[PDB]
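Scroll down for the structure; my scribbles are underneath it.
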Amino acid sequence: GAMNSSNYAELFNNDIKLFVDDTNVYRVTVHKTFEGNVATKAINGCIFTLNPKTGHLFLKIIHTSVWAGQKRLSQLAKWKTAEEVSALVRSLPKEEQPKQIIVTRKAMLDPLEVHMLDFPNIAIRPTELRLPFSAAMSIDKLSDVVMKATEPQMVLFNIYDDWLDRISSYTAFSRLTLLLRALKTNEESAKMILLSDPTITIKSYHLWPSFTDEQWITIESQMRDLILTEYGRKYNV
Amino acid sequence: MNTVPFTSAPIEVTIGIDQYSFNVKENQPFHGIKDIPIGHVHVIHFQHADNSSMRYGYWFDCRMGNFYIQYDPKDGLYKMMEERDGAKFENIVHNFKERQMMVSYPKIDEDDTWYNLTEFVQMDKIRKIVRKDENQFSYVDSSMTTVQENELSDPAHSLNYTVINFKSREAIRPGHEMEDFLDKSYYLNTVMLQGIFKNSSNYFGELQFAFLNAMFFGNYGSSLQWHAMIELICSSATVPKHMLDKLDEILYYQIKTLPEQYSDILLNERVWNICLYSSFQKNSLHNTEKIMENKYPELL
Ligand SMILES: COC(=O)c1n[nH]c(C)c1Br
């Protein structure tokens, strides 16, 4: 069934699963036209496909050429996401294929189910969680590869960097969702927290700074405080 | 004009004959129904007074044999039987008629309702949905499940309606996933009409039979099938104009005849709102839209 807080530890069992987030597939800027009307202009997007146990991120970059000449782009984007996720699953060896795919938005269920009819043994499931994966484009190395792409492309990342050498997947996923929740609620403040000290470096093959264990405790406390506040600064409490 | 003789009426029962019904009391002198129009299928159906559970009945065509009803006290139902002694039949019928022991099929001359509801229904296709080949007539009741339903338990007692499944490989061509899901014309016109039903009359006949089983027996799988076959046409952008015009007429007479106090369980809000107001055919069902808005505006 749907994924929620009751069955949250299932993410870290040994059944291969992928999260699919489509929030950043179809992205536009809205602007005025010469005649004073409004138009959109697409920018490059991405499918965020994540294994939460291993950290493996399959980032399919969606180049603006895919929208050229198409109509109903918000609807097309869900089907394009489903086509690319299905193509990803087809390209994998059988023992690497997911047993479940969890979509972050329920509107993805029918497109994915239809594109995955050939995989009756792969469960497509929604979630009740309000996961912050839309903030993936606030990760500078991710935003960069997307924006620079001149053609469709798949890039592979580990969104946990090397953390799993020291912490469990459960803890790594909690750290990630904390970082992403912060970036979503107040990107400027969250980025200030991560990059306030330019002495601490991001490894060329990483997405996040190389914090020591004790700096991570500090960072995570600063991220909680941010999220606590912005929830006040918004509800006045 | 044909007859359905009843041996007797040993248990109190509401008897339906097509869209008409009447009450018969326990051991009332009652020996059946006369003046039944030739040229249509018919259904004779039963609701016992003691048990409003199990509505059941028999689809038949008076051109296919001499049929009478006899109560079975073992199985506890009124059974349809075929009399192969044609002179025994005529002679009993003549005696019942002389004693005026039969109710008359009360068709008003202006009234085309039954024709309009059964226009495309044929016995030979009923007998393929309801498999019991030793009988020229077909038993249906409230509890019978459909083949599709049994895939999600006794196969002999199933309604073998044509399986429609929008999220199936049958319905979705590889490489046309979005296209075939949002516009089902491929599935309607090539897979179903050309491939399985062969023509639209057979499609409409099964659609009408499913509705009638839903309405007369409360058969849930039948109601599912009726809505599925409506939805398949409404969700197709390319439908022959002659099919659309006939669908409008078909649904109009179904909606007109539905018992008003049954619309809550028999009408699927989602399917109807999609067909009348969102689908490709939102503008093609004028008569159906107008009766739906004046009779069941709550649903919409
Ligand atoms: C055979 O038993 C019967 O009762 C019967 N046979 N024909 C008709 C008209 C009837 Br009633």
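Every chain in the structure tokens has a letter given in the order shown (A, B, ...), and although residue numbers restart at 1 in each chain, ligands are simply numbered from 1 in the order shown.
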**Shell of 9 Å around stretch 53-58 of chain A, only C-alpha atoms, local chain residues under 3 positions omitted, as JSON, numbers by chain** = {"A": [11, 12, 13, 14, 16, 17, 47, 48, 49, 50, 88, 154, 155, 156, 157, 158, 159, 160, 161, 164, 168, 169, 170, 172, 173]}
**Request:** Please identify every polymer residue within 10 Å of ligand 1, using only C-alpha atoms and all ligand atoms, and present the set as number ranges by chain.
**Result:** B: 3-8, 31-32, 66-71, 81-96
**Asked** Which residue gives the smallest distance to chain B among A:75, A:15, A:114, A:39, with only C-alpha atoms counted?
**Response** A:114
**Using only C-alpha atoms: which of A:70, A:29, A:199, A:23 has the shortest distance to residue A:106** =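 Closest to residue A:106 of all the choices is A:23.
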**Message:** Taking only C-alpha atoms into account and nothing else, which residues of chain A lie no more than 9 Å away from chain B? Please answer as a ChimeraX atom specification.
**Reply:** /A:76,79-80,83,110-111,113-115,117-118
**Prompt:** What are the DSSP strand (DSSP E) residues of stretch 25-125 of chain B, as a ChimeraX atom specification?
**Reply:** /B:32-36,42-48,56-60,67-72,77-82,103-104
**Prompt:** Do you know which residues are at most 6 Å from stretch 235-242 of chain B counting only C-alpha atoms, after dropping those on the same chain fewer than 6 positions away, and could you put them as an MDAnalysis selection string?
**Reply:** chainID B and resid 183:185 279:280
Export N, CA and C atoms of the chosen residues as a PDB file, in the first residue's frame?
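The resulting selection.pdb:
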ATOM      1  N   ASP B 183      -6.294   8.086 -24.942  1.00  0.00           N
ATOM      2  CA  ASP B 183      -7.204   8.003 -26.085  1.00  0.00           C
ATOM      3  C   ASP B 183      -7.373   6.521 -26.425  1.00  0.00           C
ATOM      4  N   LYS B 184      -8.465   5.910 -25.996  1.00  0.00           N
ATOM      5  CA  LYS B 184      -8.586   4.465 -26.104  1.00  0.00           C
ATOM      6  C   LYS B 184      -9.114   3.988 -27.444  1.00  0.00           C
ATOM      7  N   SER B 185      -9.067   4.832 -28.481  1.00  0.00           N
ATOM      8  CA  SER B 185      -9.695   4.468 -29.749  1.00  0.00           C
ATOM      9  C   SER B 185      -9.108   3.176 -30.312  1.00  0.00           C
ATOM     10  N   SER B 279     -14.779  13.817 -20.970  1.00  0.00           N
ATOM     11  CA  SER B 279     -14.278  12.898 -21.969  1.00  0.00           C
ATOM     12  C   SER B 279     -14.400  13.515 -23.353  1.00  0.00           C
ATOM     13  N   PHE B 280     -13.804  12.809 -24.313  1.00  0.00           N
ATOM     14  CA  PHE B 280     -13.897  13.201 -25.711  1.00  0.00           C
ATOM     15  C   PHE B 280     -15.337  13.371 -26.147  1.00  0.00           C
TER      16      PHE B 280
END
**Prompt:** Leaving out residue A:180 and any residue of its chain fewer than 2 positions from it, which residues lie within 6 Å of it when counting only C-alpha atoms, given as a list in words?
**Reply:**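 In the requested format, the answer is residues 132, 135, 177, 178, 182 and 183 of chain A.
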Dump of N, CA, C and O atoms for the selected residues, as a short mmCIF file (atom, residue, chain, number, x, y, z; two decimals), in the first residue's frame:
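again37.cif, freshly written:
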data_model
loop_
_atom_site.label_atom_id
_atom_site.label_comp_id
_atom_site.auth_asym_id
_atom_site.auth_seq_id
_atom_site.Cartn_x
_atom_site.Cartn_y
_atom_site.Cartn_z
N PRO A 132 11.07 15.83 0.89
CA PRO A 132 11.57 17.09 0.33
C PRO A 132 12.48 16.95 -0.90
O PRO A 132 13.35 17.80 -1.12
N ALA A 135 13.81 19.74 -3.47
CA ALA A 135 14.98 20.54 -3.15
C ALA A 135 16.29 19.96 -3.68
O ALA A 135 17.34 20.56 -3.44
N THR A 177 17.19 13.78 4.50
CA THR A 177 15.90 14.45 4.43
C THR A 177 15.92 15.72 5.27
O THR A 177 15.23 16.69 4.95
N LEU A 178 16.73 15.74 6.34
CA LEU A 178 16.88 16.97 7.12
C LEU A 178 17.51 18.07 6.27
O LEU A 178 17.05 19.22 6.24
N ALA A 182 15.52 21.46 4.98
CA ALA A 182 16.03 22.79 5.27
C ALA A 182 16.16 23.61 3.98
O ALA A 182 15.70 24.76 3.91
N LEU A 183 16.80 23.04 2.96
CA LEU A 183 16.94 23.72 1.69
C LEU A 183 15.60 24.09 1.08
O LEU A 183 15.51 25.08 0.33
#
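Take the candidates B:29, B:73, B:259, B:57 and check each one against residue B:137 using only C-alpha atoms; the shortest distance goes to B:57.
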**Message:** Measuring between only C-alpha atoms, which one of A:186, A:44, A:121, A:174 shows the shortest distance to residue A:94?
**Reply:**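 For residue A:94, the nearest of the given residues is A:121.
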**Message:** Ranking A:205, A:175, A:141, A:89 by minimum distance to residue A:217 and counting only C-alpha atoms, which one comes first?
**Reply:** A:175
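If you measure from each of A:130, A:27, A:181, A:71 to residue A:224 using only C-alpha atoms, the closest one turns out to be A:181.
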**Request:** Name the residues of stretch 135-214 of chain A that come out as helix (DSSP H, G or I) in a backbone DSSP run; write them as a ChimeraX atom specification.
**Result:** /A:135-138,140-148,163-165,169-185,187-195,213-214
Write out as JSON lines a residue-level contact list of stretch 172-267 of chain B versus stretch 98-121 of chain B with cut-off 7 Å: for each qualifying residue the closest pair of atoms and the distance in Å to one decimal, counting only C-alpha atoms, rows sorted by chain and residue number upward.
{"residue": "B:201", "atom": "CA", "partner": "B:120", "partner_atom": "CA", "distance": 5.7}
{"residue": "B:202", "atom": "CA", "partner": "B:120", "partner_atom": "CA", "distance": 6.8}
{"residue": "B:204", "atom": "CA", "partner": "B:120", "partner_atom": "CA", "distance": 6.0}
{"residue": "B:205", "atom": "CA", "partner": "B:121", "partner_atom": "CA", "distance": 4.2}
{"residue": "B:206", "atom": "CA", "partner": "B:121", "partner_atom": "CA", "distance": 6.8}
{"residue": "B:208", "atom": "CA", "partner": "B:118", "partner_atom": "CA", "distance": 6.4}
{"residue": "B:209", "atom": "CA", "partner": "B:121", "partner_atom": "CA", "distance": 6.4}
{"residue": "B:250", "atom": "CA", "partner": "B:117", "partner_atom": "CA", "distance": 6.8}
{"residue": "B:253", "atom": "CA", "partner": "B:117", "partner_atom": "CA", "distance": 6.4}
{"residue": "B:254", "atom": "CA", "partner": "B:117", "partner_atom": "CA", "distance": 6.6}
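Here atom CA of residue B:145 stands at a distance of 17.0 Å from atom CA of residue B:265.
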